[PDB]
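S.K.: First the structure, which I've put down as structure tokens, then a few questions once you've had a look.
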Amino acid sequence: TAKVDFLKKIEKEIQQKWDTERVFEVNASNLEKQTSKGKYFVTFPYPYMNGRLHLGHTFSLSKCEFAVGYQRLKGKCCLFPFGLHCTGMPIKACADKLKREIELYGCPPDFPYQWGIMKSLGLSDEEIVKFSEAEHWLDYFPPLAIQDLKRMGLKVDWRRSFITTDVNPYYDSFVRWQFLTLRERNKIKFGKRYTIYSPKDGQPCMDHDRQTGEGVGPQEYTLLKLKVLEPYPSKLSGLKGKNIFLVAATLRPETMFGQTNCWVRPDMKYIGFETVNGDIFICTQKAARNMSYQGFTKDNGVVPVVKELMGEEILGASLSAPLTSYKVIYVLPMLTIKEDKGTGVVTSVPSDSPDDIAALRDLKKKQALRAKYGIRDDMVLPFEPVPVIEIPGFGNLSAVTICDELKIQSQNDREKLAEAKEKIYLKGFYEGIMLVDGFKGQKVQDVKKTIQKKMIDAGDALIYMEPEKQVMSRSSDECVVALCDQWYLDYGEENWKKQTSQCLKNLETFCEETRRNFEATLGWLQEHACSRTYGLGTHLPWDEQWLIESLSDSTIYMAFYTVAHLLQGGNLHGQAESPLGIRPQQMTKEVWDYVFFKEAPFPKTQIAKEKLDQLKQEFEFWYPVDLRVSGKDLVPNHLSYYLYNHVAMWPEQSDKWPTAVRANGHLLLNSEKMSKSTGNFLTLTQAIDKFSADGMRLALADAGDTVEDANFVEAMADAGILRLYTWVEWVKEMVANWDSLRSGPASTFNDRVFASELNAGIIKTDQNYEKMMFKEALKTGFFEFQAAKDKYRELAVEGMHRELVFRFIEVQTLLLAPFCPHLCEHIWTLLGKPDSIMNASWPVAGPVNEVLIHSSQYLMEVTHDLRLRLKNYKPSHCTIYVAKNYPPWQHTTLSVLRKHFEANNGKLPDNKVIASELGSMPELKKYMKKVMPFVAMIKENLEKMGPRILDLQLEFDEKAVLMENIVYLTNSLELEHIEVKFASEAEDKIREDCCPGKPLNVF
Ligand SMILES: CCOc1ccc(Cl)c2c1[B@-]1(O[C@@H]3[C@H](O1)[C@@H](COP(=O)([O-])[O-])O[C@H]3n1cnc3c(N)ncnc31)O[C@@H]2CN
Ligand SMILES: CC(C)C[C@H](N)C(=O)NS(=O)(=O)OC[C@H]1O[C@@H](n2cnc3c(N)ncnc32)[C@H](O)[C@@H]1O
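Throughout the sequence shown, residue numbering follows the deposited numbering, covering 7 to 118, 156 to 916, 932 to 1061 in sequence.
Dropping the structure here:
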């Protein structure tokens, strides 16, 4: 427990040191003077402030945190800014939900929630009332996020932090300029479009204000109106003299020529309501709600209902249907009808729909269903399927044939009906050929929309838009599809889309899966409704009654990052003094044009030229954005809008378009979904309190470098804490006994081995950092680094070398610094370094000798084998025999393997061909049993450690390697003497079975 607290103590000390030193603050006026190795601009999509930051946010931003930590050692100057996204409706929604209980009840409120979740966050009874207003959220949560992040030690220039609502004047002016330019370039358009709409909120319901179906969009249905004829059914007697229609939903209008009846569910609650011209429609409450928000009613969102009934109350009614050859068709029941899809009313196409002929045959079979629901013989019997569409492999009556073949006799055969449905599922879309007059011999794909238009023009059909999948909003409202007027960004313009496609070609995606995601969302995207009326954000500068949603004021704010330090100077809300003395309102459209457009003319403003030139310098220096890391959930929405807006804002400058975007999966905690409802959920401040910042960052580095879901394990973090504490204690011990270390020329065998292993680790870890594979970087630059050091300490019989251990400590610290900068800074000052580790450079690797490394692996294997043989037959004297060359039979088989390897670019044939060729060689008579195990071992070690096992002699001196460590071998084996001999001296068994690299031994 005290180790975590020691880590936290060191962390707080070093954090205060960094703050006073002002190390991570960068200025373009000064950095542009000393040309170094370039700039590195990383961004994290600023998070929503409707709560505290948790572990997923920190895992996602850890990518660019470690990236800055590494890239600064390679000489570049880094810009890691951090904003806070307050725009949106959840903040205001929760504030108003809190005010609801504040005003309708008391403090505390009497029940029979929001106050409970606020108190669960540890707020005082008297301090939750202040949260009835959103401004208190804006004053409360952003400072806590900043505090936690600073406590994590992010290499962030906090002077460039800001807030995103109109409360911030500077960001407000920035978004004003952005959308003014967008509308000036014909990117924003006012129009009436279809959109997922929240009735309780009164505005479109986009991706980040939903709770179910993150990307689900509307779906189109052909809505047939079947007129009800007199004599009306009983329940509709009160609606005499008016026009009554059954509104059936369908997805295949071209089939309506073969209608025989109409299916309703007898146990469903159907609603008859009045439309815009006074007619009466019969559907369900949800269908009517959607139609009312699609202009089907006199008032938007008002459904004047004039009758409620059950499906049984409609059975037997007489209908007149379009297109069909039957002049009067009847309403009949069907048991299997979904209440989530359509209008609850289905048309009957018995020729090409399996469910229809199934239900019709069930009604034609027994009088039980006809008398249970009141169906006489005129409503079912004189109705036969009508040939309309012919599939070549089935005929004019496809459903009839495939349901006679699958031997179905009921409408409740879910499996058989699903199979018959999928068999002819799409074979009607393309290969169908019409048969009715006016369309004989036509491709169904070539006539379906024409017949739909035919029915819509004659007033016999309409267009009904319903959510494809069920959608739920943040405010617990079930959304509809509304055809409403709004301002939208025109992401469907072919020119804009092709330019963004080129930008995607130029963009760096660390895997092809993300490129495919981008291609799909680029081919699928169209108009994007961007206007809200309820919530926080920035108003349209010309339509002050509309606000701008959260997914649209966040497209090019990275440009605002480059000047936020000179505009508002660290004060989040932008309410403090300006460092350059620029008033919040003084930033006009032309001023922003001059700042962000290189070829823009200097306008007439009271601002001095030096200030605006400094701003333009900052922008043109820091741009473009090199890297942007995020979760794979922001690819279908935010990142595509980001590419689009960068293309539209700087259309002549592809060099200002984003460079790279790295996406990761979502974080699991202890291999389980992280959620507050299940128990496992860590916020950033909780995680720091529990594991220290460096321990948390270490366990975060090992989480996951793929796009598959990442795994944060607590036990791994605890083990990392233990290892960090032991490492710091080891460093302290070594600094204490500086004079107890061997010095001079480091010439011993293990000195050279360890030098080469250290350099190879430097090279491998540099590589793994370049690929942002931080798990592999931690593997090669810490765990395996420490394993090499432990082997070096264990094998150094004459004690470790002074300069070599100093170099190992220096380099291990320089490698670990991007993961654990606090511990590394502390150990840096422990070594007596003059400057901070934040000024260091990436360590230079020396020469790497593969022969030494392979020999050390050999010695490891030999020692493991010796200790395993020590298990059985009190020992005191051992003798090892080492073969200088392979014995004759082994040499012959290995020469055959070498020949075959040389034949075809290093592929060894099947052991069958090998055994044949070796059984054809006369010398190999006494050895055919021993042959194939040799080939098996050779293939295993070829797959394991390269083709070097095909060498006829080891690349290094085997006996000399053993002699360099005879002392250690004798000590660790608890023996008195070890005799290393050249195999030729041994007896017959050993001399015959010994081979180089596999030396034998006997006690
Ligand atoms: C896929 C089989 O659909 C076919 C297949 C062949 C033919 Cl010829 C047709 C249809 B289809 O009937 C409607 C509509 O198109 C189709 C809509 O599919 P989805 O399950 O609601 O997603 O199901 C039917 N449907 C619509 N609402 C329904 C509901 N609430 N319950 C059950 N079925 C419904 O139109 C014609 C005449 N029936
Ligand atoms: C620019 C604007 C339109 C974006 C908007 N402000 C926003 O999205 N704010 S946010 O707090 O929900 O997320 C911000 C970043 O943190 C990642 N992330 C979030 N949760 C998890 C998780 N459970 N697991 C893994 N990563 C996660 C997420 O992808 C994103 O890059």
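We treat Cβ as the ideally placed atom computed from N, Cα and C, and that holds for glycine.
(1) Could you pull out every residue in the same chain whose Cβ sits closer than 8 Å to the Cβ of residue 731, ignoring the five residues on either side in sequence?
(2) When you get a sec, list the residues whose CB is within less than 5 Å of any heavy atom of ligand 1, chain order please.
(3) Measuring alpha carbon to alpha carbon, tell me which of 742, 702, 681 and 754 ends up nearest residue 715.
(4) Excluding the 5 residues preceding and the 5 following residue 264 in the sequence, name in chain order all residues of the same chain whose CB lies nearer than 6 Å to its CB.
(5) Confirm, please, whether the CB-CB distance from residue 446 to residue 391 is below 7 Å.
(6) Let's test the definition: count the other Cβ atoms within 10 Å of the Cβ of residue 41 and tell me whether it reaches 16, buried, or not, exposed.
(7) With a threshold of 6 Å, establish whether the CB of residue 63 neighbours any heavy atom of ligand 2.
(8) Give the straight-line distance between the Cα atoms of residue 1051 and residue 1026, rounded to the nearest whole angstrom.
(9) When every heavy atom of ligand 2 is checked, does at least one fall within less than 6 Å of the C-beta of residue 597?
(10) Heavy atom of ligand 2 less than 6 Å from the Cβ of residue 676, yes or no?
(11) Can you list, in chain order, the residues of its chain with a C-beta nearer than 8 Å to that of residue 539? Leave out the 5 residues immediately preceding and following it.
(12) Is residue 114 near ligand 2 - that is, is its Cβ less than 6 Å away from at least one heavy atom of it?
(13) Flag this pair as touching only if the stretch 796–811 and the stretch 892–903 have three or more C-beta atom pairs under 8 Å; answer yes or no.
(14) Looking at ligand 2, does it come within less than 6 Å of residue 710, judged from the CB to the closest heavy atom?
(15) Comparing alpha-carbon positions, which option in 991, 938 and 217 lies nearest residue 636?
(16) Give a single yes or no on whether residue 96 has its beta carbon closer than 6 Å to a heavy atom of ligand 2.
(17) Do residue 278 and residue 363 have their CB atoms nearer than 7 Å?
(18) By the 10 Å Cβ neighbour count, where 16 or more other Cβ atoms means buried, how is residue 156 classified, buried or exposed?
(19) Quick check on residue 507: does DSSP put it in helix, strand or coil?
(20) Is it true that the CB of residue 365 sits closer than 7 Å to the CB of residue 463?
(21) Pick helix, strand or coil for residue 395, following the three-state DSSP scheme.
(22) Which residues mark the beginning and the end of the alpha helix (DSSP H) in which residue 728 is found?
(23) Say whether the stretch 867–877 touches the stretch 834–844, bearing in mind that this needs 3 or more beta-carbon pairs closer than 8 Å, one atom from each stretch.
(24) Less than 7 Å separating the beta-carbons of residue 494 and residue 296?
(25) So who's on the other strand from residue 530, going by DSSP bridges?
(26) Tell me whether residue 577, by its Cβ, gets closer than 6 Å to a heavy atom of ligand 2.
(27) Could you tell me whether the stretch 560–576 touches the stretch 161–180, where touching means 3 or more Cβ pairs closer than 8 Å?
(28) Tell me whether residue 452 is buried or exposed, calling it buried when 16 or more other Cβ atoms sit within 10 Å of its Cβ.
(29) What are the residues that DSSP puts in a beta bridge with residue 1?
(30) Once the 5 residues before and after residue 951 are set aside, which same chain residues still bring their CB inside 7 Å of it?
(31) Is residue 292 helix, strand or coil when you go by DSSP?
(32) With a CB to CB cut of under 8 Å and the five nearest residues on each side skipped, what residues in its chain are close to residue 32?
(33) Let me make sure I understand the geometry here. Which of 183, 49 and 17 has the alpha-carbon closest to that of residue 616?
(34) Buried or exposed for residue 909, please, with buried defined as at least 16 other CB atoms from any protein chain shown within 10 angstroms of its CB.
(35) At what residues does the alpha helix (DSSP H) containing residue 870 begin and finish?
(36) Could you pull the DSSP bridge partners for residue 1038 from this structure?
M.R.: Judging by the given coordinates:
(1) 14, 191, 194, 195 and 739
(2) 292, 293, 294, 295, 298, 380, 381, 384, 385, 389, 390, 392, 395 and 396
(3) If we check each option's Cα against that of residue 715, 754 comes out closest.
(4) 292 and 507
(5) no
(6) Result: exposed.
(7) yes
(8) 26 Å
(9) yes
(10) yes
(11) 230, 533, 687, 690 and 691
(12) no
(13) Result yes; three or more Cβ-Cβ pairs closer than 8 Å.
(14) yes
(15) 217
(16) no
(17) no
(18) exposed
(19) Residue 507: strand per DSSP, three-state reduction.
(20) No, the Cβ-Cβ distance between residue 463 and residue 365 is not below 7 Å.
(21) Collapsing the DSSP output to three states places residue 395 in coil.
(22) 727–734
(23) no
(24) If you check the CB distance, residue 494 and residue 296 come in under 7 Å.
(25) 233
(26) no
(27) Too few Cβ pairs lie closer than 8 Å, so no.
(28) exposed
(29) Only positions 7 to 1061 of the chain appear in this structure, which leaves residue 1 out of reach.
(30) 976, 989, 992 and 993
(31) DSSP, read as helix, strand or coil, puts residue 292 in strand.
(32) 83, 84, 85 and 200
(33) 183
(34) buried
(35) Segment 864–873, the alpha helix (DSSP H) holding residue 870.
(36) Listed as beta-bridge partners of residue 1038 by DSSP are 938.
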